[PDB]
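Encoded as structure tokens, the following chain is the form deposited in one PDB entry, with no partner shown.
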């Protein structure tokens, strides 16, 4: 039923005690947009400290109930929340494109992860166990992972529904309550999750939503009842690679999610030999990318999050030119054929060549559809030039020589490495966010630890053996 250029927020954007609320006090006022049209979908209040307090006080209450429920009881509520998400998928995914701008194509994948995540932690809640050790003389010791209490989740604008799901699913599975503060850019989708949790059977206050910016964030972090607050990538193309897969990989790595992720492999090192053929093919393919209405099934490139952000990306390209880069295609305002999209935050995906490491476009993360093609001669050279990469990053190597691939992956300091592919998936996702992957056992174990604490009990069955 929902379409581009029509949506307007009618209900309030805060959520406490299982219902939408207007904030009790303000830290300011913000406007949320429809990036495809430039339309204001909401003018909303940012939570003040009294408001922040009410939300924390409310979830503190819900925490006390939820923490007393068994893992099995919590598992059913969470599996239900996933069923509702799965059912209302197209509705949710639409709301997501409307406020964020990503393709319905991508937005659905985001929602798939979202319910998959909930099913994962629901499972873990039901199969939770501690350690038990037998001590000499019938005495024994045991452990239990207890929830922390009221956790704060800070959202991002690039994966709004998915970040909300990803933070709250392990949090609530542990028996905690969450107060979630989404990006002021994207305040809508989180309320859909909040509503779904209530519908699933979560006690009122367990997943609360406070809207706001920096001040709000600070008020949440400064709250005494808050237990815990939960808050360039290279692509090496060797001459011996499968050119078409390398080109496909480069495009995926740079233009998925409009290149508005830090995950994106924007530094494209291409070996001297294949440099000319690669560049020619990459420009050809980029010029075919479908820019338009994110709700259209054929659209692969939507608008950028907002006007300031778009201006910044266009600014990057102006400097890129100034510094000596050769704009091969795009990097300019795109005026879509449909007049409703006239004032949307659109631009054409950019491919830059003749890039050097000293260049700010090579140095800084742009957060837009901009590919920087850097030439290289030898394996030893790339590895020196590319190794300045943080562990929180990803790297991708394209070569038919398996030994070279493993050798390069071994030397690269990036946490996630892809041989003969590239996936633009969020950091949290295990196994580079490959589709039929699963989460394995370690991802959950580690994140469960983040949202819980280990209680240790020692039972003495005999007499105390005094040293004195």
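Numbering follows the first chain given and starts at 1. Basically, rigid core = biggest C-alpha set you can superpose within 1.5 Å across the two forms.
One more form of this protein, deposited in another entry, exists but is not displayed; see below.
K.L.:
Taking only shifts of 2 Å or more in Cα after a rigid core superposition between the shown form and the other one, tell me which of 156, 335, 135, 215 qualifies.
P.N.:
With the rigid core superposed, the residue that stands out is 135.
K.L.:
If I superpose the two forms on their rigid core, does the C-alpha of residue 273 end up displaced by 2 Å or more between the shown form and the other one?
P.N.:
Moves: yes, 2 Å or greater.
K.L.:
Align on the rigid core first; then say whether the Cα of residue 416 has moved by at least 2 Å between the shown form and the other one.
P.N.:
Shift of 2 Å or more: yes.
K.L.:
So, superposing on the core, is the move of residue 237 at the CA at least 2 angstroms between the shown form and the other one?
P.N.:
Residue 237 C-alpha, core-superposed: shift of 2 Å or more.
K.L.:
Over in the other structure, so in that other deposited form, do residue 294 and residue 433 pull closer or drift farther apart at the C-alpha level? The difference is 3 angstroms or more.
P.N.:
Relative to the displayed form, residue 294 and residue 433 move farther apart in that other deposited form - a change of at least 3 Å between their C-alphas.
K.L.:
Since the Cα separation of residue 157 and residue 426 moves by 3 Å or more in that other deposited form, tell me which way: closer or farther than here.
P.N.:
Their C-alpha distance grows by at least 3 Å in that other deposited form.
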